[PDB]
Ligand code: NA
């Protein structure tokens, strides 16, 4: 089951605050996915969500309004719900009020909205044809909940989207999601790693101390060999490595390697051999 539909399942039995909030949520369904025909007295809803379809049926039941037909129009296939038109449906001003607006948002989201699995993306969207509706919705999201949302063009439709995981949680909780807010936080909190600047400094020092102690140990090993047997009496490939280290004592192993067409690991293996040889003569 998609993460999005799991969120929508939580909303199927959210309370019906009042008749006004019920009609406001229905208007959300109507605006997003309703093909309205006042003359023939019907509304055709096209829904890709079963959670959304069940919520729509529960709203119509609350209002005591009959739904006449439920069919699948033959992934791209969708649910067609035909219901009776009532002028009361269109009388509500859904933005005027945070209670009315939250119900409108729930309707918009259930019918035409979706949300990405936050393990992969931060994305919650609402698809809508009308341009005014989307702008007004975006303004009310900001005024009421301080939620910043962008807008996207798709020719067939336009998308309102929220990319802040903070704003997404506020949005979801506002419309009545509960269980899944905990799962989202466990995912968000688990991607995080916080702080210690002193731990960072400690780590950087430790690596620098390792590198310095190694380099000193290389130099010391080369000096002992030079004193006791002569570098000229090393195997040719170790001899060049000993000289390059001794002549370039502040270079990294990578940079020492470049001077002999050797990789860092190659020059490092040779330095280890040189140190092994120098144990003969003294502490290294
Ligand atoms: Na050199």
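In table form, for the structure just shown:
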| item | result |
| --- | --- |
| Selection count where residues are more than 16 Å from the ligand (Cβ to nearest atom) and within 17 Å of residue 266 (Cα to Cα), scope the range 211-233 | 2 |
| Residue within the range 118-125 that is surrounded by fewer than 16 Cβ atoms within 10 Å (Cβ to Cβ), out of contact with any strand residue (DSSP E or B) (no Cβ under 7 Å at 6 or more places or on another chain) and under 30 Å from residue 36 (Cβ atoms) present | no |
| Out of 270, 249, 264, sole residue that is under 24 Å from residue 209 (Cβ atoms), in the same structural domain as residue 210 (by CATH) and more than 16 Å from the ligand (Cβ to nearest atom) | 264 |
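Matching residues to (1) outside any helix (DSSP H, G or I); (2) touching a helix residue (DSSP H, G or I) at 6+ places or on another chain (Cβ under 8 Å); (3) surrounded by fewer than 16 Cβ atoms within 10 Å (Cβ to Cβ):
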site	(1), (2), (3)
143	no, no, yes
156	yes, no, yes
160	yes, yes, no
167	no, yes, no
180	no, yes, no
195	yes, no, yes
211	no, no, yes
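As a convention, Cβ positions derive from the backbone with ideal geometry for all residues, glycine included, and neighbour counts pool all protein chains shown. Numbers and lists here come from the model and the stated rules, or from a named source; no laboratory instrument gave them.
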